[PDB]
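Beneath this line is the structure, given in structure tokens, with notes to follow.
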Amino acid sequence: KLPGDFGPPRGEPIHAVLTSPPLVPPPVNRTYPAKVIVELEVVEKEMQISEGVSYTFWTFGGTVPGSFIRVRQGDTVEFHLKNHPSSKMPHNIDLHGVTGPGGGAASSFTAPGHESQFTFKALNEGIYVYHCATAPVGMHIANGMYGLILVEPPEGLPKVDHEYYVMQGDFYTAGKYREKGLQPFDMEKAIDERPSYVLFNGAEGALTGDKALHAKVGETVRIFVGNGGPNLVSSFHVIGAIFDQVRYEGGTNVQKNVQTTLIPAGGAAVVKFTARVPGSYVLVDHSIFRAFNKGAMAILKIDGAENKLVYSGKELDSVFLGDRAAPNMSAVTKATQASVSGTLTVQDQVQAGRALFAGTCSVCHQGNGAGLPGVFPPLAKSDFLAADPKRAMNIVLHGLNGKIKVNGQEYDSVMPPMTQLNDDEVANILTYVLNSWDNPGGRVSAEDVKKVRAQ
Amino acid sequence: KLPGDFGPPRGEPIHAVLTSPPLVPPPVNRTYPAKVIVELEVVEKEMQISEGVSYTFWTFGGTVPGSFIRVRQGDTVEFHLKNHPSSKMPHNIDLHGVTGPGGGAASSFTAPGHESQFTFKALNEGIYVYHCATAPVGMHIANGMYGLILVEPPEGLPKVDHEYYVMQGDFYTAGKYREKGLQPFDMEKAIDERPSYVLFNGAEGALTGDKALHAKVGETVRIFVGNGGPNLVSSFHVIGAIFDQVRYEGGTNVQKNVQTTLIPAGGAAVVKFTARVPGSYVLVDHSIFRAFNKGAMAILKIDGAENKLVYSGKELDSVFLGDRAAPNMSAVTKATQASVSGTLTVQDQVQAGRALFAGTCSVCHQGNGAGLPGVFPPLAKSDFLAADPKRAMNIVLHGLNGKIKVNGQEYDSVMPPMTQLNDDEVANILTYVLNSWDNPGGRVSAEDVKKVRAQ
Amino acid sequence: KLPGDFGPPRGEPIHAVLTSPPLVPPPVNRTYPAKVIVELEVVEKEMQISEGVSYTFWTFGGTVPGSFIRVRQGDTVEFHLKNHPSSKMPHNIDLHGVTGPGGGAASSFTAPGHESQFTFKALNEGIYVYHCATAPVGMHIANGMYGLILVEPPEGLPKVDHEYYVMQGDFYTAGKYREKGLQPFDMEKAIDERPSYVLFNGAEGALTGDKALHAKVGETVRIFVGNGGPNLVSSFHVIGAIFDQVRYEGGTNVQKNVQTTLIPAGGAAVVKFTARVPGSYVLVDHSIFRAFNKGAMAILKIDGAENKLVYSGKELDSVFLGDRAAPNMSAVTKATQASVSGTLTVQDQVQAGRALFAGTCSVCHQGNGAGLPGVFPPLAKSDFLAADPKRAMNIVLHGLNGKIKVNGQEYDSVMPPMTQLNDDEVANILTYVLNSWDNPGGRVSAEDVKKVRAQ
Ligand code: HEC
Ligand code: HEC
Ligand code: HEC
Ligand SMILES: O=N[O-]
Ligand SMILES: O=N[O-]
Ligand SMILES: O=N[O-]
Ligand SMILES: [Cu+2]
Ligand SMILES: [Cu+2]
Ligand SMILES: [Cu+2]
Ligand SMILES: [Cu+2]
Ligand SMILES: [Cu+2]
Ligand SMILES: [Cu+2]
């Protein structure tokens with residue numbers, strides 16, 4: 001027969017359970033081919049792509065990436081696609097792994113309010129991307145319309161202690177990175193493959209802080225990793241560890257002991273990890289400006305005993321992770337909501353700047369503003385800042401070099417410009433500094449920073 | 001000895017036959033090393049890169065990609081390169097697979113009207129890119145100067161039912177995608193790696209519609225896939241199938257059962273496919289905006305019996321392929337030629353818009369303009385369009401949201417802007433709508449759309 | 001135990017020797033695990049990124065890439081990081097291959113004047129990138145803060161005749177490629193992944209001409225290849241040869257007989273080469289505009305007997321390598337220093353243009369300016385140039401087409417524009433032509449070309 005043909009379906013039809021990221025449906029745990037029924041519903045909706053930044057996502061099952069599907073090589077899959085009547089657009093699905101033109105696209109076209117169905121046999125074992133396939137295909141995929149389908153080998157995968165679901169995507173907003181408000185899709189930036197954000201699981205901090213993945217020393221972790229694109233190839237990397245194994249789609253070839261691996265646009269791989277020592281392990285795109293300037297990091301946090309003979313050093317902090325070392329940045333969300341209301345208090349700006357000050361500023365000036373005598377001027381009880389706080393907006397946007405004196409000490413150094421910070425971010429950071437460590441006090445508005453930018 | 005040394009050439013010299021894409025010279029089918037003579041002639045010439053879009057290609061043997069060369073590991077290759085006296089530039093060749101500095105570049109320098117020769121032994125088995133190697137190398141390669149050379153293993157490749165030749169390239173026009181006329185090379189866009197088109201076999205639709213590759217259910221297909229670049233890496237993908245095998249250059253490593261595979265700039269791979277069920281199978285760069293916005297699709301069309309137990313669904317259509325589902329878009333070519341002549345009739349604009357309307361517009365408004373009551377307003381006998389057809393130019397360029405009434409029915413939806421359409425494309429699409437389904441009639445000029453763009 | 005655990009350290013502590021690129025520390029040549037002490041010192045300093053182009057590099061041990069580290073799987077590594085008191089910034093290190101959060105980042109934070117230490121066991125065999133891990137991480141990496149660490153298998157690597165150290169990086173200057181002076185870092189270009197230079201070993205010509213790598217026919221060469229990024233993936237290619245072997249990090253999978261191989265951002269591979277025939281072998285990023293327009297070439301020069309039966313052709317020259325065929329371009333460095341001094345002589349401009357004229361101009365007009373009668377007009381004793389030398393600035397910046405007459409011969413051809421040349425480059429090239437082959441003489445200033453650009 002064809003390969004993957006294990007005969008016709010036995011027993012009762014199975015209604016497939018799909019999971020929201022970062023979780024995975026359990027092993028099918030069976031020795032016979034089945035008829036599997038899949039209900040998947042498209043929903044269009046605003047969600048936070050970043051703190052105080054809203055985006056209209058188009059989703060399979062309400063999430064980016066969309067719901068995870070798990071079947072067995074040889075299963076017969078009756079695939080129903082519903083387009084929720086709130087949707088303004090039509091949608092369909094192309095599943096990689098499907099043998100058939102469009103991988104289902106033609107038979108799955110679905111207007112708002114309608115349901116579609118088509119049937120396919122899962123001939124090919126492996127991990128596979130699925131995505132919308134509706135003109136214009138790039139826009140559907142950029143708005144979040146992708147996920148994974150696992151087709152298990154008949155004997156199933158080897159048992160591990162944890163299975164997780166992580167999917168990278170490149171996103172195209174009209175506004176610049178961390179510009180606040182509802183951000184429309186930007187076709188220009190997408191055609192040019194110049195994304196404003198590059199994200200795991202549909203948002204900045206989706207898998208950092210309180211939202212990290214978890215395992216214990218001695219446990220094995222399997223991650224199903226997708227690249228939804230639409231455009232970027234991922235230099236997919238784990239910081240501080242190594243993958244025991246990396247297997248692309250249903251490839252016969254299996255790479256072992258690598259830390260860095262290229263994932264094509266539309267590609268998917270299964271990686272295996274064994275926790276050897278505790279701490280935060282970062283998943284990134286090692287096209288480093290994606291990781292550190294566009295949101296492309298996810299954390300795996302390991303619990304257990306130190307092993308001083310393998311690694312003597314300290315847990316990850318804000319020197320490396322910057323503002324994502326913290327549990328969350330809800331203070332930024334809260335301050336942004338207040339601006340929209342017109343009820344922005346000084347305390348709102350202070351708790352938001354406190355969040356944003358980590359790494360961004362603390363790497364030189366320290367957590368406590370103390371600085372380092374002769375090398376990094378203090379921000380704590382600072383005569384320099386007191387003397388002219390309006391110049392602090394210029395110092396942040398445009399930088400500072402030359403000899404200067406601060407609390408009667410000489411500095412001849414360089415503070416790089418930080419023009420990438422948005423007006424609200426400069427304002428809140430500075431309002432926190434002024435209201436910390438016995439400084440003058442007061443406040444800096446977004447409006448004040450806008451004026452100084454424009455000169 | 002060296003590896004690949006099977007002794008000196010036996011028998012008479014063989015004059016090598018080269019094929020034009022997408023065809024491949026036949027298997028050398030011999031057990032002895034030979035002296036192979038290769039005559040390859042460079043030609044500069046305008047060809048259509050897209051409908052009504054002309055480009056000055058620099059070519060090896062009159063095609064992009066250039067003529068395919070097939071020899072045997074151990075052969076001695078006497079390589080003659082002629083530069084046609086019409087050429088304005090000098091040219092040479094670097095063949096990957098050649099052991100020797102420049103892979104032939106120095107000894108093959110050839111001014112217009114001249115012939116060059118150099119001899120090399122084919123030590124390395126595999127599939128290899130060749131390209132021009134003349135300062136400035138990027139310009140020669142961007143203008144189309146690349147192809148493939150197969151060096152067979154001594155026992156030859158395994159027999160398959162079909163062998164085809166597909167080569168991706170990134171192209172850099174002064175004008176934007178589908179801007180009509182003769183388009184010069186743009187050095188700025190090339191240096192920035194921002195291509196206007198991304199193409200298989202030197203043009204949009206080179207391998208779609210009437211120009212698809214063909215096989216029958218049960219047949220094996222081998223594709224020799226090149227990436228000429230100059231700059232892009234291809235996330236090379238088959239929609240709706242799987243590659244039995246992928247082998248890069250003359251690599252010992254062979255990947256099996258993958259759908260998605262990274263091809264480096266200057267890389268080449270051999271993929272094997274087995275037809276299981278009939279329909280169109282799309283080859284793409286799954287950096288999706290290349291595939292769907294810049295021309296990076298090719299079709300393999302399979303004939304034979306449905307297998308309802310493997311795949312129940314319908315053949316690919318314009319929901320997914322958009323305007324390339326059709327056999328061709330000659331109507332666009334014909335209307336563009338008419339504009340240049342100043343003899344553009346209403347019928348010319350109508351048949352051109354009819355072509356362009358598929359997917360672009362039909363995905364929401366339907367093939368027949370009917371729309372879907374309450375969800376997608378009709379274009380068919382439309383009071384809304386009748387009431388002010390000049391506003392239709394604004395609706396296409398800039399989009400439409402809000403409550404509206406069309407043939408006495410309420411719509412509160414969103415039609416995305418389509419500013420990417422060129423003036424001629426908006427004009428012809430709208431002229432087709434006006435002259436279809438009992439609408440007012442009339443015509444929209446490119447000149448009319450230009451004015452509305454500029455406001 | 002863990003894998004790589006060969007017990008506790010025996011014998012005396014070893015003080016590790018680190019080498020500057022392109023050299024490599026010798027094999028550890030031992031059968032027991034050791035305690036290895038590593039002293040590495042960060043230095044900030046201006047160096048030439050290109051002729052007459054200065055950049056403030058941040059370096060590990062004074063070089064880009066930074067000093068090479070060589071230890072044995074199972075060694076215990078006491079890692080000391082010093083930040084020289086001249087530094088204006090703090091720094092730390094993340095080593096790929098380290099089992100531990102941040103791969104050392106947290107425990108290695110080091111202000112100007114300070115020393116840090118942390119200890120790790122080398123559990124994982126392979127070749128690994130190390131880099132700075134200090135907010136903002138992208139800037140530290142773009143300024144040159146990366147190198148390699150080899151962790152040998154216990155039995156060591158196989159013996160080869162030569163081992164070399166080559167590392168690619170993408171660089172982001174405010175000024176355009178080969179714009180002269182001290183060039184600041186450009187955050188905009190880095191975030192957009194639009195590098196101005198793409199370099200092996202921290203500069204244009206770092207490994208070309210007099211600075212090429214060397215081997216003899218019959219010798220094996222191992223290259224440790226790094227991609228520091230920060231952003232680019234390398235289509236890493238050897239022109240005119242083949243890699244016997246390519247192995248990524250400590251991967252079990254080993255590819256054999258390939259010419260072209262993708263290296264991820266942050267990736268590293270070990271390639272093996274065997275010299276079969278003499279000549280220059282070029283290492284490139286086959287994203288060709290990096291190689292030929294941004295500095296991404298390195299040369300391996302092989303000495304020994306011709307083998308006419310394998311390759312009949314000539315050594316690489318300026319048709320392919322352009323201005324890098326020569327031993328150096330010191331004349332460009334010397335002329336640029338003179339402009340800064342205000343002591344720029346006619347002879348300074350002539351020797352600088354002579355350097356720059358190779359490939360750029362000589363590919364059509366020839367080394368001697370003779371041209372080719374009827375095809376390429378001469379520059380040698382040229383009536384056309386004599387008649388109006390001020391028009392030569394326009395011809396270079398903007399090109400020339402149409403019928404023309406030169407030394408009483410007709411030409412109807414096309415000379416492409418060369419607007420990419422900087423004002424100083426046009427001026428020096430033209431001053432060389434005027435003062436060569438019995439031409440009028442005189443000089444063209446950078447200031448003259450600036451005026452003609454602006455019209
Ligand atoms: C190092 C990498 C720094 C980062 C990150 C930030 N700052 Fe800084 N800052 C730095 C230096 C070396 C200097 C002195 C420059 C000189 O000419 O010698 C400064 C200076 C300031 C000042 C003025 C002096 C003072 O008030 O003590 C201010 C107000 C200041 N810096 C604020 C500041 C903020 C708010 C930061 C993050 C947004 C920030 N700095 C980052 C070094 C570095
Ligand atoms: C959905 C994804 C659409 C595509 C693709 C195109 N159109 Fe559309 N159009 C769409 C909607 C939802 C609406 C109503 C918007 C609202 O505010 O509710 C429209 C509206 C129009 C109109 C005006 C109404 C009418 O005449 O019936 C016109 C003239 C129109 N659209 C034309 C049009 C053309 C020519 C298209 C391709 C070039 C096109 N539309 C694409 C939804 C979608
Ligand atoms: C071919 C690929 C060329 C390169 C590279 C360069 N030039 Fe050229 N040049 C070329 C042609 C075909 C022509 C004639 C154009 C026509 O209309 O037929 C020219 C012309 C000139 C001229 C004017 C004629 C003359 O003086 O002989 C000059 C002064 C000239 N070219 C200079 C020049 C320089 C300085 C170059 C490098 C910087 C250069 N050319 C490159 C073809 C080509
Ligand atoms: O390994 N860190 O980028
Ligand atoms: O599988 N389609 O993009
Ligand atoms: O093989 N040369 O680009
Ligand atoms: Cu969709
Ligand atoms: Cu896909
Ligand atoms: Cu050429
Ligand atoms: Cu090449
Ligand atoms: Cu640093
Ligand atoms: Cu790293």
Side-chain angles (χ1 to χ4, degrees), chain A residues 235 237-241 259-260 282 284-286 288 291-292 297 320, chain B residues 88-90 94-96 102-103 105 112 128-137 139-141 146 228-230 265-267, chain C residues 94-96 98 102-105 128-133 137 141 229-230 235 237-240 259-260 265-266 282 284 286 288 291 353 356-357 359-365 369 371-372 375-380 382-389 391-397 399-407 409-416 418 421 425-426 429-430 432-434 439:
Chain A
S235 286
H237 177 90
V238 57
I239 305 187
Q259 192 165 345
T260 316
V282 196
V284 298
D285 191 342
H286 214 292
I288 265 301
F292 288 96
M297 45 165 100
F320 200 5
Chain B
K88 309 209 240 302
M89 268 75 173
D94 172 357
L95 301 103
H96 306 176
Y128 295 104
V129 171
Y130 73 78
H131 57 85
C132 195
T134 301
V137 171
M139 179 188 284
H140 290 251
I141 294 174
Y146 46 76
Chain C
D94 172 357
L95 301 103
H96 306 176
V98 160
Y128 295 104
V129 171
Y130 73 78
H131 57 85
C132 195
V137 171
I141 294 174
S235 286
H237 177 90
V238 57
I239 305 187
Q259 192 165 345
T260 316
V282 196
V284 298
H286 214 292
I288 265 301
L356 285 169
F357 182 87
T360 313
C361 298
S362 65
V363 76
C364 297
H365 296 292
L372 183 74
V375 193
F376 307 113
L379 299 183
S382 170
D383 69 54
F384 193 100
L385 168 76
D388 185 5
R391 182 186 36 199
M393 291 179 263
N394 268 294
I395 287 180
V396 164
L397 288 180
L400 183 71
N401 46 72
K403 303 119 311 287
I404 62 154
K405 203 178 207 178
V406 188
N407 301 355
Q409 178 111 37
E410 306 277 14
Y411 301 87
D412 195 2
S413 212
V414 182
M415 166 169 164
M418 320 188 66
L421 294 178
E425 282 180 302
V426 186
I429 290 179
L430 284 181
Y432 155 79
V433 176
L434 295 180
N439 276 310

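Heavy-atom basis, side chains included; hydrogens, waters and symmetry copies ignored. Atoms within a ligand are numbered from 1 in the order they appear, just like the ligands themselves. In the text below, chain A, chain B and the rest are named by the order of the sequence lines, each starting its count at 1.
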Margin query: Under a 4.0 angstrom heavy-atom cut-off, which atoms of ligand 3 come close to C:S382?
Written below: 25 (C), 26 (O), 27 (O)
Next item on the list: Please state which part of C:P378 comes within less than 4.0 Å of ligand 3, counting heavy atoms only: side chain, backbone, both or neither.
Entry: backbone
Check: Which atoms of ligand 3 have any heavy atom of C:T360 under 4.0 Å away?
Finding: 5 (C), 37 (C), 41 (C)
Margin query: Before moving on, can you tell me the angle at the Cu ion (ligand 10) between the NE2 atom of B:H96 and the NE2 atom of C:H286, to the nearest 10 degrees?
Written below: 100°
Margin query: Check for me whether C:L400 has a heavy atom closer than 4.0 Å to any atom of ligand 3.
Written below: yes
Checklist line | Atoms of ligand 3, numbered as shown, that sit under 4.0 Å from any heavy atom of C:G402 | finding: 16 (C), 17 (O), 18 (O)
Notebook entry, point to check: Parallel, tilted or perpendicular: which fits the ring planes of C:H96 and A:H237, with parallel below 30° and perpendicular above 60°?
Noted result: tilted
Next item on the list: May I ask you to list the atoms of ligand 3 that are less than 4.0 angstrom from any heavy atom of C:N401?
Entry: 17 (O)
Item checked: Contact partition for C:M418 relative to ligand 3, non-hydrogen atoms under 4.0 Å -> side chain
Note to self: Tell me whether C:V414 reaches ligand 3 (any heavy atom closer than 4.0 angstrom to a ligand atom).
What the structure shows: yes
Next item on the list: Would you mind running through ligand 3 and noting each atom that sits below 4.0 Å from a heavy atom of C:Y411?
Entry: 18 (O)
Next item on the list: Consider every N or O of C:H365 and every N or O of ligand 3, then say whether any pair is closer than 3.5 Å.
Entry: yes
Next item on the list: To the nearest 0.5 angstrom, please state how far the NE2 atom of B:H140 sits from the NE2 atom of B:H131.
Entry: 12.5 Å
Next item on the list: Would you check if the distance from the ring center of C:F376 to the ring center of C:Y411 is below 6.0 Å?
Entry: no
Checklist line | Any N, O or S atom of B:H131 closer than 2.8 Å to the Cu ion (ligand 10) | finding: yes
Check: From C:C364, does some N, O or S atom reach closer than 2.8 Å to atom 8 (Fe) of ligand 3?
Finding: no
Notebook entry, point to check: Which ligand 3 atoms, with their elements, are less than 4.0 angstrom from a heavy-atom of C:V406?
Noted result: 27 (O)
